[PDB]
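Below is final.cif, which holds mmCIF, N, CA, C and O atoms and all ligand atoms.
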```cif
data_start
loop_
_atom_site.label_atom_id
_atom_site.label_comp_id
_atom_site.auth_asym_id
_atom_site.auth_seq_id
_atom_site.Cartn_x
_atom_site.Cartn_y
_atom_site.Cartn_z
N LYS A 215 110.36 -31.73 9.63
CA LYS A 215 110.84 -32.46 10.79
C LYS A 215 112.31 -32.81 10.61
O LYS A 215 112.79 -32.95 9.48
N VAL A 216 113.02 -32.94 11.72
CA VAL A 216 114.45 -33.23 11.73
C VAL A 216 114.70 -34.46 12.59
O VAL A 216 114.14 -34.59 13.68
N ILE A 217 115.54 -35.37 12.10
CA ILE A 217 115.91 -36.59 12.80
C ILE A 217 117.39 -36.53 13.13
O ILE A 217 118.21 -36.20 12.26
N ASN A 218 117.74 -36.84 14.37
CA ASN A 218 119.09 -36.69 14.88
C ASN A 218 119.85 -38.01 14.82
O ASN A 218 119.28 -39.09 14.98
N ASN A 219 121.16 -37.90 14.58
CA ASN A 219 122.09 -39.04 14.61
C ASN A 219 121.69 -40.10 13.58
O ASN A 219 121.41 -41.26 13.92
N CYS A 220 121.68 -39.70 12.32
CA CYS A 220 121.29 -40.61 11.25
C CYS A 220 121.92 -40.16 9.94
O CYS A 220 122.23 -38.99 9.76
N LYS A 221 122.09 -41.12 9.04
CA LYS A 221 122.63 -40.86 7.71
C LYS A 221 121.50 -40.59 6.72
O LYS A 221 120.32 -40.82 7.01
N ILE A 222 121.87 -40.10 5.54
CA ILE A 222 120.89 -39.89 4.48
C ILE A 222 120.29 -41.22 4.04
O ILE A 222 119.08 -41.32 3.78
N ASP A 223 121.11 -42.26 3.97
CA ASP A 223 120.62 -43.61 3.75
C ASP A 223 119.86 -44.09 5.00
O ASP A 223 119.77 -43.39 6.01
N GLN A 224 119.29 -45.29 4.90
CA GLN A 224 118.50 -45.90 5.97
C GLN A 224 117.24 -45.10 6.30
O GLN A 224 116.77 -45.10 7.44
N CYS A 225 116.68 -44.40 5.31
CA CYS A 225 115.42 -43.70 5.50
C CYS A 225 114.58 -43.82 4.23
O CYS A 225 115.11 -43.93 3.13
N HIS A 226 113.26 -43.79 4.41
CA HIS A 226 112.30 -43.96 3.33
C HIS A 226 111.20 -42.91 3.45
O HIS A 226 110.79 -42.56 4.57
N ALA A 227 110.73 -42.39 2.32
CA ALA A 227 109.67 -41.39 2.32
C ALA A 227 108.68 -41.67 1.19
O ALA A 227 109.04 -42.26 0.16
N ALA A 228 107.44 -41.23 1.38
CA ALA A 228 106.38 -41.42 0.40
C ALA A 228 105.24 -40.44 0.69
O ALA A 228 105.12 -39.91 1.79
N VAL A 229 104.41 -40.22 -0.33
CA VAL A 229 103.22 -39.37 -0.23
C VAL A 229 102.01 -40.28 -0.10
O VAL A 229 101.84 -41.21 -0.89
N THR A 230 101.15 -40.00 0.90
CA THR A 230 100.20 -41.01 1.36
C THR A 230 98.74 -40.59 1.38
O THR A 230 97.89 -41.43 1.71
N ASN A 231 98.39 -39.35 1.07
CA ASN A 231 97.00 -38.90 1.15
C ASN A 231 96.54 -38.41 -0.22
O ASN A 231 97.04 -37.41 -0.73
N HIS A 232 95.58 -39.13 -0.81
CA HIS A 232 95.05 -38.82 -2.12
C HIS A 232 93.54 -38.58 -2.03
O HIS A 232 92.87 -39.10 -1.14
N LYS A 233 93.02 -37.78 -2.97
CA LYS A 233 91.61 -37.43 -2.99
C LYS A 233 90.95 -37.72 -4.34
O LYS A 233 89.88 -37.18 -4.63
N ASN A 234 91.56 -38.56 -5.17
CA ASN A 234 90.99 -38.93 -6.46
C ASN A 234 91.16 -40.42 -6.69
O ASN A 234 91.95 -41.08 -6.02
N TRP A 235 90.40 -40.95 -7.65
CA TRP A 235 90.42 -42.36 -7.97
C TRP A 235 91.12 -42.60 -9.30
O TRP A 235 91.32 -41.67 -10.10
N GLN A 236 91.49 -43.85 -9.54
CA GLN A 236 92.33 -44.21 -10.68
C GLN A 236 92.05 -45.65 -11.08
O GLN A 236 91.70 -46.49 -10.24
N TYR A 237 92.20 -45.93 -12.37
CA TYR A 237 91.95 -47.27 -12.90
C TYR A 237 93.05 -48.24 -12.45
O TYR A 237 94.22 -47.87 -12.35
N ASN A 238 92.66 -49.48 -12.19
CA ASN A 238 93.56 -50.48 -11.60
C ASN A 238 94.26 -51.27 -12.71
O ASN A 238 93.89 -52.38 -13.07
N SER A 239 95.32 -50.66 -13.25
CA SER A 239 96.09 -51.31 -14.29
C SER A 239 96.92 -52.45 -13.70
O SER A 239 97.29 -52.42 -12.52
N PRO A 240 97.23 -53.48 -14.50
CA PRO A 240 98.16 -54.52 -14.04
C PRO A 240 99.61 -54.07 -13.99
O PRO A 240 100.50 -54.89 -13.74
N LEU A 241 99.88 -52.79 -14.23
CA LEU A 241 101.23 -52.24 -14.14
C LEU A 241 101.45 -51.38 -12.91
O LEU A 241 102.49 -50.73 -12.79
N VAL A 242 100.49 -51.35 -11.98
CA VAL A 242 100.65 -50.59 -10.74
C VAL A 242 100.33 -51.50 -9.56
O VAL A 242 99.50 -52.41 -9.68
N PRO A 243 100.98 -51.31 -8.41
CA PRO A 243 100.73 -52.20 -7.27
C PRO A 243 99.41 -51.88 -6.58
O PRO A 243 98.88 -50.78 -6.66
N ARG A 244 98.90 -52.89 -5.88
CA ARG A 244 97.61 -52.79 -5.21
C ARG A 244 97.73 -51.98 -3.93
O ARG A 244 98.80 -51.89 -3.32
N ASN A 245 96.61 -51.38 -3.52
CA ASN A 245 96.59 -50.58 -2.30
C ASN A 245 96.68 -51.46 -1.06
O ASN A 245 97.47 -51.20 -0.16
N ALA A 246 95.86 -52.51 -1.01
CA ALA A 246 95.80 -53.39 0.15
C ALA A 246 95.37 -54.77 -0.33
O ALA A 246 95.13 -54.99 -1.52
N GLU A 247 95.30 -55.72 0.62
CA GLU A 247 95.03 -57.11 0.26
C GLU A 247 93.70 -57.25 -0.48
O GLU A 247 93.61 -57.97 -1.48
N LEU A 248 92.66 -56.57 0.00
CA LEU A 248 91.35 -56.59 -0.63
C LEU A 248 91.01 -55.19 -1.11
O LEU A 248 90.88 -54.27 -0.30
N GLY A 249 90.87 -55.03 -2.42
CA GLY A 249 90.62 -53.71 -2.98
C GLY A 249 89.21 -53.22 -2.70
O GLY A 249 88.26 -54.00 -2.58
N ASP A 250 89.08 -51.90 -2.59
CA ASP A 250 87.80 -51.24 -2.37
C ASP A 250 87.38 -50.53 -3.65
O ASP A 250 88.17 -49.78 -4.24
N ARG A 251 86.14 -50.75 -4.07
CA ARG A 251 85.61 -50.14 -5.28
C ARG A 251 85.01 -48.77 -4.99
O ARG A 251 84.43 -48.53 -3.92
N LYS A 252 85.15 -47.86 -5.96
CA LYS A 252 84.64 -46.51 -5.82
C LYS A 252 83.73 -46.06 -6.96
O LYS A 252 83.05 -45.04 -6.81
N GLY A 253 83.69 -46.78 -8.08
CA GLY A 253 82.86 -46.37 -9.20
C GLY A 253 83.15 -47.23 -10.41
O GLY A 253 83.85 -48.24 -10.33
N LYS A 254 82.59 -46.80 -11.55
CA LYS A 254 82.83 -47.48 -12.81
C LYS A 254 82.49 -46.55 -13.97
O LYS A 254 81.71 -45.60 -13.82
N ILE A 255 83.08 -46.85 -15.13
CA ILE A 255 82.82 -46.11 -16.37
C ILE A 255 82.68 -47.11 -17.52
O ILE A 255 83.12 -48.25 -17.44
N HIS A 256 82.06 -46.64 -18.60
CA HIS A 256 81.62 -47.50 -19.69
C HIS A 256 82.56 -47.41 -20.90
O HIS A 256 83.35 -46.47 -21.03
N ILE A 257 82.45 -48.40 -21.77
CA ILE A 257 83.24 -48.48 -22.99
C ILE A 257 82.36 -48.07 -24.17
O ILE A 257 81.32 -48.70 -24.39
N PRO A 258 82.73 -47.04 -24.92
CA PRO A 258 81.89 -46.58 -26.04
C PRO A 258 82.11 -47.42 -27.30
O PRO A 258 82.84 -48.41 -27.30
N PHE A 259 81.45 -47.00 -28.38
CA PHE A 259 81.61 -47.52 -29.73
C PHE A 259 81.23 -49.00 -29.87
O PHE A 259 82.11 -49.86 -29.97
N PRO A 260 79.94 -49.32 -29.87
CA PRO A 260 79.50 -50.71 -30.07
C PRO A 260 79.52 -51.11 -31.55
O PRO A 260 79.81 -50.30 -32.43
N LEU A 261 79.21 -52.38 -31.79
CA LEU A 261 79.20 -52.97 -33.13
C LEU A 261 77.80 -52.94 -33.74
O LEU A 261 76.79 -52.77 -33.06
N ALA A 262 77.76 -53.11 -35.07
CA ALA A 262 76.50 -53.16 -35.80
C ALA A 262 76.73 -53.84 -37.15
O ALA A 262 77.87 -54.07 -37.55
N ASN A 263 75.64 -54.18 -37.83
CA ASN A 263 75.68 -54.80 -39.14
C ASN A 263 75.55 -53.76 -40.24
O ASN A 263 74.78 -52.80 -40.12
N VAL A 264 76.26 -53.98 -41.35
CA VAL A 264 76.32 -53.05 -42.48
C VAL A 264 76.65 -53.83 -43.74
O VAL A 264 76.98 -55.02 -43.68
N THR A 265 76.56 -53.18 -44.90
CA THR A 265 76.94 -53.77 -46.17
C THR A 265 78.18 -53.08 -46.72
O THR A 265 78.45 -51.91 -46.44
N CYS A 266 78.94 -53.81 -47.53
CA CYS A 266 80.16 -53.32 -48.17
C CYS A 266 80.18 -53.70 -49.64
O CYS A 266 79.56 -54.68 -50.05
N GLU B 99 112.92 -61.10 1.61
CA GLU B 99 111.67 -61.68 2.09
C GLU B 99 110.45 -60.92 1.58
O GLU B 99 109.44 -60.79 2.28
N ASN B 100 110.53 -60.41 0.35
CA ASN B 100 109.38 -59.82 -0.33
C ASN B 100 108.73 -60.86 -1.23
O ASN B 100 109.39 -61.77 -1.74
N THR B 101 107.42 -60.71 -1.44
CA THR B 101 106.64 -61.68 -2.20
C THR B 101 105.72 -60.96 -3.18
O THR B 101 105.50 -59.75 -3.08
N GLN B 102 105.19 -61.72 -4.12
CA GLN B 102 104.24 -61.22 -5.11
C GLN B 102 103.18 -62.28 -5.37
O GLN B 102 103.49 -63.48 -5.45
N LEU B 103 101.93 -61.85 -5.51
CA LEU B 103 100.80 -62.73 -5.76
C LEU B 103 100.13 -62.36 -7.07
O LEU B 103 99.90 -61.18 -7.35
N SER B 104 99.81 -63.37 -7.88
CA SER B 104 99.21 -63.17 -9.20
C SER B 104 98.00 -64.07 -9.36
O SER B 104 97.94 -65.16 -8.80
N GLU B 105 97.02 -63.61 -10.15
CA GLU B 105 95.84 -64.40 -10.44
C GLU B 105 95.20 -63.92 -11.73
O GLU B 105 95.38 -62.77 -12.15
N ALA B 106 94.44 -64.82 -12.36
CA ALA B 106 93.73 -64.52 -13.61
C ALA B 106 92.67 -65.59 -13.85
O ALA B 106 92.70 -66.66 -13.23
N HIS B 107 91.74 -65.29 -14.75
CA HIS B 107 90.74 -66.27 -15.18
C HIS B 107 90.18 -65.85 -16.54
O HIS B 107 90.56 -64.81 -17.09
N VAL B 108 89.27 -66.66 -17.06
CA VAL B 108 88.80 -66.57 -18.44
C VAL B 108 87.29 -66.32 -18.44
O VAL B 108 86.56 -66.88 -17.62
N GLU B 109 86.84 -65.48 -19.37
CA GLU B 109 85.44 -65.08 -19.46
C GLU B 109 85.03 -65.09 -20.93
O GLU B 109 85.78 -65.55 -21.80
N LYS B 110 83.83 -64.59 -21.21
CA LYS B 110 83.26 -64.59 -22.55
C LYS B 110 83.13 -63.16 -23.07
O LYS B 110 82.75 -62.25 -22.33
N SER B 111 83.47 -62.96 -24.34
CA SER B 111 83.50 -61.63 -24.92
C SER B 111 82.08 -61.14 -25.23
O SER B 111 81.15 -61.92 -25.41
N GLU B 112 81.95 -59.81 -25.29
CA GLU B 112 80.65 -59.20 -25.54
C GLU B 112 80.22 -59.32 -27.00
O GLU B 112 79.02 -59.34 -27.29
N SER B 113 81.18 -59.41 -27.92
CA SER B 113 80.87 -59.50 -29.34
C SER B 113 80.22 -60.82 -29.74
O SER B 113 79.98 -61.03 -30.93
N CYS B 114 79.93 -61.71 -28.79
CA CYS B 114 79.25 -62.96 -29.11
C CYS B 114 77.81 -62.75 -29.55
O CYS B 114 77.18 -63.70 -30.03
N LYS B 115 77.28 -61.54 -29.41
CA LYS B 115 75.92 -61.24 -29.84
C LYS B 115 75.81 -60.91 -31.33
O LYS B 115 74.70 -60.79 -31.84
N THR B 116 76.93 -60.76 -32.03
CA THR B 116 76.91 -60.50 -33.47
C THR B 116 77.70 -61.51 -34.28
O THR B 116 77.22 -61.96 -35.33
N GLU B 117 78.89 -61.89 -33.83
CA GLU B 117 79.75 -62.82 -34.56
C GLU B 117 79.74 -64.16 -33.83
O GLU B 117 80.35 -64.30 -32.76
N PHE B 118 79.06 -65.15 -34.40
CA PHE B 118 79.01 -66.47 -33.80
C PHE B 118 78.65 -67.50 -34.86
O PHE B 118 78.18 -67.17 -35.95
N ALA B 119 78.88 -68.77 -34.52
CA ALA B 119 78.54 -69.90 -35.37
C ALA B 119 77.69 -70.88 -34.57
O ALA B 119 77.83 -71.00 -33.35
N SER B 120 76.80 -71.58 -35.27
CA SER B 120 75.79 -72.42 -34.63
C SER B 120 75.89 -73.85 -35.14
O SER B 120 76.15 -74.07 -36.33
N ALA B 121 75.66 -74.80 -34.25
CA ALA B 121 75.75 -76.23 -34.54
C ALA B 121 74.38 -76.87 -34.38
O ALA B 121 73.74 -76.72 -33.34
N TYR B 122 73.94 -77.59 -35.41
CA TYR B 122 72.57 -78.07 -35.52
C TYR B 122 72.55 -79.59 -35.69
O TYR B 122 73.57 -80.23 -35.92
N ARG B 123 71.34 -80.14 -35.56
CA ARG B 123 71.08 -81.56 -35.80
C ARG B 123 69.87 -81.67 -36.71
O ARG B 123 68.86 -81.00 -36.48
N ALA B 124 69.96 -82.53 -37.72
CA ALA B 124 68.96 -82.59 -38.79
C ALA B 124 68.15 -83.88 -38.72
O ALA B 124 68.56 -84.88 -38.14
N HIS B 125 66.97 -83.83 -39.33
CA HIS B 125 66.03 -84.95 -39.36
C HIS B 125 65.39 -84.99 -40.74
O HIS B 125 65.87 -84.39 -41.70
N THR B 126 64.27 -85.72 -40.84
CA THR B 126 63.60 -85.91 -42.12
C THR B 126 62.98 -84.61 -42.62
O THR B 126 62.49 -83.80 -41.83
N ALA B 127 63.00 -84.41 -43.94
CA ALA B 127 62.55 -83.18 -44.57
C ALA B 127 61.22 -83.37 -45.29
O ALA B 127 60.83 -84.49 -45.63
N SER B 128 60.54 -82.25 -45.51
CA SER B 128 59.28 -82.20 -46.25
C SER B 128 59.53 -81.63 -47.64
O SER B 128 60.64 -81.21 -47.99
N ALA B 129 58.48 -81.61 -48.46
CA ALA B 129 58.60 -81.20 -49.86
C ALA B 129 57.41 -80.35 -50.27
O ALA B 129 56.30 -80.50 -49.75
N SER B 130 57.65 -79.45 -51.22
CA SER B 130 56.61 -78.59 -51.78
C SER B 130 56.95 -78.27 -53.23
O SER B 130 58.11 -78.38 -53.65
N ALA B 131 55.94 -77.87 -54.00
CA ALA B 131 56.10 -77.70 -55.43
C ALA B 131 55.09 -76.69 -55.96
O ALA B 131 54.09 -76.38 -55.31
N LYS B 132 55.37 -76.18 -57.16
CA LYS B 132 54.51 -75.23 -57.85
C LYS B 132 54.47 -75.58 -59.34
O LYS B 132 55.50 -75.96 -59.92
N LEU B 133 53.29 -75.45 -59.95
CA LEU B 133 53.03 -76.02 -61.27
C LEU B 133 52.32 -75.01 -62.17
O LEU B 133 51.69 -74.06 -61.70
N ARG B 134 52.44 -75.23 -63.48
CA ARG B 134 51.69 -74.50 -64.49
C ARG B 134 50.97 -75.50 -65.39
O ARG B 134 51.59 -76.43 -65.91
N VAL B 135 49.66 -75.31 -65.57
CA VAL B 135 48.82 -76.26 -66.29
C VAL B 135 48.03 -75.50 -67.35
O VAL B 135 47.48 -74.43 -67.08
N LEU B 136 47.97 -76.07 -68.56
CA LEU B 136 47.25 -75.48 -69.68
C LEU B 136 45.91 -76.19 -69.81
O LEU B 136 45.85 -77.38 -70.12
N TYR B 137 44.82 -75.45 -69.58
CA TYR B 137 43.49 -76.03 -69.42
C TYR B 137 42.51 -75.25 -70.29
O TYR B 137 42.13 -74.13 -69.94
N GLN B 138 42.10 -75.86 -71.41
CA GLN B 138 41.13 -75.27 -72.33
C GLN B 138 41.58 -73.89 -72.82
O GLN B 138 40.81 -72.93 -72.86
N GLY B 139 42.85 -73.81 -73.21
CA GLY B 139 43.35 -72.59 -73.82
C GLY B 139 43.77 -71.50 -72.85
O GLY B 139 43.98 -70.36 -73.29
N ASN B 140 43.89 -71.80 -71.56
CA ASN B 140 44.28 -70.81 -70.57
C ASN B 140 45.38 -71.38 -69.68
O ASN B 140 45.46 -72.59 -69.47
N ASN B 141 46.22 -70.48 -69.17
CA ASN B 141 47.27 -70.85 -68.23
C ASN B 141 46.76 -70.64 -66.81
O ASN B 141 46.20 -69.59 -66.50
N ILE B 142 46.96 -71.64 -65.95
CA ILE B 142 46.64 -71.54 -64.54
C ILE B 142 47.84 -72.02 -63.73
O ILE B 142 48.68 -72.78 -64.21
N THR B 143 47.90 -71.56 -62.49
CA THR B 143 48.98 -71.90 -61.57
C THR B 143 48.40 -72.57 -60.34
O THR B 143 47.36 -72.14 -59.82
N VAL B 144 49.07 -73.62 -59.86
CA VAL B 144 48.66 -74.32 -58.65
C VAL B 144 49.88 -74.48 -57.75
O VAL B 144 51.03 -74.50 -58.20
N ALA B 145 49.62 -74.59 -56.44
CA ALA B 145 50.65 -74.75 -55.43
C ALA B 145 50.14 -75.67 -54.34
O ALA B 145 49.05 -75.45 -53.81
N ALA B 146 50.91 -76.70 -54.01
CA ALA B 146 50.44 -77.73 -53.09
C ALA B 146 51.64 -78.46 -52.50
O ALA B 146 52.77 -78.35 -52.98
N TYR B 147 51.37 -79.22 -51.44
CA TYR B 147 52.37 -80.04 -50.79
C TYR B 147 52.55 -81.35 -51.55
O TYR B 147 51.64 -81.84 -52.21
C1 LIG A 301 72.65 -58.07 -36.87
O1 LIG A 301 73.13 -57.70 -35.57
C2 LIG A 301 72.40 -58.32 -34.50
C3 LIG A 301 72.97 -57.78 -33.21
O2 LIG A 301 73.19 -56.38 -33.32
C4 LIG A 301 72.50 -59.85 -34.60
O3 LIG A 301 71.66 -60.44 -33.61
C5 LIG A 301 72.08 -60.33 -35.98
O4 LIG A 301 72.31 -61.73 -36.12
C6 LIG A 301 72.83 -59.57 -37.07
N1 LIG A 301 72.39 -59.99 -38.39
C7 LIG A 301 73.20 -60.07 -39.45
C8 LIG A 301 72.56 -60.52 -40.74
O5 LIG A 301 74.39 -59.79 -39.38
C1 LIG A 302 49.95 -68.79 -71.75
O1 LIG A 302 49.13 -69.44 -72.73
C2 LIG A 302 49.52 -69.14 -74.08
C3 LIG A 302 48.50 -69.80 -74.98
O2 LIG A 302 47.20 -69.27 -74.77
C4 LIG A 302 50.94 -69.62 -74.33
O3 LIG A 302 51.34 -69.25 -75.64
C5 LIG A 302 51.90 -69.01 -73.31
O4 LIG A 302 53.19 -69.57 -73.46
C6 LIG A 302 51.39 -69.26 -71.89
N1 LIG A 302 52.25 -68.59 -70.92
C7 LIG A 302 53.44 -69.06 -70.54
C8 LIG A 302 54.18 -68.24 -69.53
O5 LIG A 302 53.91 -70.10 -71.00
#
```

Produce structure tokens that represent the structure in this file.
Ligand SMILES: *[C@@H]1O[C@H](CO)[C@@H](O)[C@H](O)[C@H]1NC(C)=O
Ligand SMILES: *[C@@H]1O[C@H](CO)[C@@H](O)[C@H](O)[C@H]1NC(C)=O
Amino acid sequence: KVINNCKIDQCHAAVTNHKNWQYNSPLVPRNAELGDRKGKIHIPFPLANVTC
Amino acid sequence: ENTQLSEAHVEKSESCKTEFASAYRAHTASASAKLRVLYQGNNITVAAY
């Protein structure tokens, strides 16, 4: 697309359509005011008792 | 005129099922004993409260 009578400045662009999910780190901004959940995954390697 | 919102809270760790300390209250105790008795040339053992 082409826009007439405008400078290179005063314009903003972004990519807006995604088809995958991602973990919600505190280093990335939120999608919207109330987040929508899509799934979950587990943490491996539990603890146990042993002798030394 | 941009803003930022932050929040946090506190929870309990999963490792509390293995590493923990317990606080108790005590009362009066009981007693028990074990003995050896020599009776007509033989050794016998008894156990009682
Ligand atoms: C062994 O681990 C279990 C949990 O896995 C815990 O309940 C128990 O107190 C542990 N015992 C010792 C002696 O560490
Ligand atoms: C068992 O009795 C004998 C005597 O018949 C004695 O010499 C021995 O010391 C007794 N046993 C123990 C463990 O004291």

Worksheet item: What is the distance, in Å and to one decimal place, between atom CA of residue 144 of chain B and atom CA of residue 127 of chain B?
Response: 21.7 Å

Item to complete: Write out as a list in words each polymer residue (protein, DNA or RNA) that has an atom no more than 8 Å from ligand LIG 302 (chain A), with only N, CA, C and O atoms and all ligand atoms counted.
Response: residues 135, 136, 138, 139, 140, 141 and 142 of chain B

Practice prompt. Taking only N, CA, C and O atoms into account, report as number ranges by chain which residues of chain A lie within 8 Å of chain B.
Written response: A: 261-263

Worksheet item: Nearest to ligand LIG 301 (chain A) among B:126, B:118, B:101, B:106, with distances taken over only N, CA, C and O atoms and all ligand atoms: which residue is it?
Response: B:118

Item to complete: From a DSSP calculation on the backbone, collect every residue of chain B in strand (DSSP E) and output the set as JSON, numbers by chain.
Response: {"B": [131, 132, 133, 134, 135, 136, 137, 140, 141, 142, 143, 144, 145, 146]}
